[PDB]
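The next block holds one structure in the form of structure tokens; read it before the comments.
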Amino acid sequence: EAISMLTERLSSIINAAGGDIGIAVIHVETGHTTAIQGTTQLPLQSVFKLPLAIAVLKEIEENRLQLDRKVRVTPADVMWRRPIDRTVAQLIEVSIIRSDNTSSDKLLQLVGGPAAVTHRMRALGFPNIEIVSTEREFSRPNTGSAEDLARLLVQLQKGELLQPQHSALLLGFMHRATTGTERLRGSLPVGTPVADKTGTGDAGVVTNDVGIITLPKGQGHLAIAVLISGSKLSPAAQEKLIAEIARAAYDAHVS
């Protein structure tokens, strides 16, 4: 009866927030899905670096690239004040953890640009994630639906999306995410494992967080995507909306 009424409870949390809000909550093991505007494609900001990382790792899994390939980064590509070498793995690491824009654009460069990332998402079963711009170009947003992003995270958590070492590598990066620790984690009980990737537009124009919540005991995992676009609320109140949405989803699925 909790997973039952989660939708009504979530819709009351975001009431009067304005803007466009997409929510998707999927219990990984059973597939139980709760969504509000779950198929509306909304601006991703740095959340797009998660599809990017999967696109890069699929290049490696399809014998067109390797994890330890050295890549040269220069100040002309703008940590990056000297011409430095970084492995492909190190580029994914900094792109996921610090949302680093120089490394992300080099990774986009490696896989063939935004259209190639979009094609890979389609090939993997996520036709509602549209990558159209680099970070320099956006400096027409990259958009994605909450359900597509949540379903991607389900497959990542299940071991279906990537090889096991790449899945552990990417989730490890997402565990160490340093930019949105008061979003999905903000209202969860102490000791709840969370892997996530955030996205933030300047002055509260976009507040996003997507990730995987580990439930206690053997009650499973939650894939959760919250995309907030153009809300009237303060940045802090938008982050609190994500934290409370995440806690409501947790409570509904836990005993």
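Letter by letter, the sequence shown follows residues 25 to 102, 110 to 170, 177 to 292 in the entry's author numbering.
By construction, the Cβ of each residue, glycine as well, lies at the ideal position given by its N, Cα and C atoms.
Segments assigned alpha helix (DSSP H), at least 4 residues, entirely inside the region 245–273: You should have found no qualifying run.
Straight-line Cα distance separating residue 237 from residue 275: Our two residues, residue 275 and residue 237, have alpha carbons roughly 11 Å apart in a direct line.
Residues near residue 83 by beta carbon distance below 6 Å, same chain, minus five either side: Once the five neighbours on either side are set aside, the close Cβ partners of residue 83 are 89 and 142.
Cross-strand partners of residue 94 (DSSP beta bridge): In the DSSP assignment, the residues bridged to residue 94 are 118.
Per the DSSP calculation, residue 58 is bridged to which residue(s)? For residue 58, DSSP records a beta bridge to 49.
If we count the other Cβ atoms within 10 Å of its Cβ and call it buried at 16 or more, is residue 295 buried or exposed? The displayed coordinates of the chain run from 25 to 292. Any statement about residue 295 would go beyond what the structure contains.
Would you call the CB atoms of residue 65 and residue 161 closer than 8 Å? Yes, these two residues count as a Cβ contact at 8 Å.
Can you say whether residue 67 is buried or exposed, counting buried as having 16 or more other CB atoms within 10 angstroms of its CB? When all chains shown are included, residue 67 counts as buried.
Pick helix, strand or coil for residue 182, following the three-state DSSP scheme. In the structure shown, residue 182 sits in a strand (DSSP, three-state: E or B).
Which residues DSSP lists as bridging residue 232, in chain order: Residue 232 is bridged by DSSP to 249.
Whole-number beta carbon distance between residue 58 and residue 34, since they are thought to touch under 8 Å: Right, their Cβ atoms sit about 7 Å apart.
Cβ-based burial, residue 131 [other Cβ within 10 Å; buried from 16]: So residue 131 counts as buried.
Along the alpha helix (DSSP H) that carries residue 202, what are the first and last residues, could you check? Residues 201–212.
Report the rounded CA-to-CA distance for residue 23 versus residue 157, giving the unit in angstroms. Nothing in the structure corresponds to residue 23, since the chain is present only between 25 and 292.
Given that a residue counts as buried once 16 or more other Cβ atoms are within 10 Å of its Cβ, and exposed if not, what is residue 184? By the 10 Å Cβ count, residue 184 comes out buried.
Going straight from the alpha carbon of residue 47 to that of residue 289, what length do you get? Residue 289 has its alpha-carbon roughly 15 Å from the corresponding atom of residue 47.
Are the CB atoms of residue 216 and residue 244 nearer to each other than 8 Å? Not closer than 8 Å, so no.
Nearest to residue 80 by alpha carbon, out of 135, 111, 254 and 128? Comparing alpha carbon positions, the residue from 135, 111, 254 and 128 closest to residue 80 is 135.
Looking at residue 191: is its Cβ nearer than 8 Å to the Cβ of residue 50? Judged by their CB atoms, residue 191 and residue 50 are nearer to each other than the 8 Å cut-off.
Identity of the residue in 251, 247 and 255 nearest residue 264 by Cα: Of 251, 247 and 255, the residue nearest in Cα terms is 247.
Hey, residue 210 and residue 127: beta-carbon distance below 8 Å or not? Yes, the pair counts as a contact, with Cβ atoms nearer than the cut-off.
Relative to the C-alpha of residue 221, which candidate in 196, 78 and 287 has its C-alpha closest? Closest option to residue 221, Cα to Cα, is 287.
Between the Cα of residue 252 and the Cα atoms of 149, 151, 225 and 117, which residue gives the shortest distance? It is 225 whose Cα lies nearest to the Cα of residue 252.
By DSSP's criteria, residue 65 is part of a beta bridge. Which residues make up the other side? Beta-bridge annotation (DSSP): residue 65 is paired with 182.
Given residue 63, which residues of its chain have a CB within under 7 Å of its CB, disregarding the five upstream and five downstream residues? Taking C-beta separations shorter than 7 Å and ignoring five residues to either side along the sequence, the partners of residue 63 in its chain run 159, 182 and 184, following chain order.
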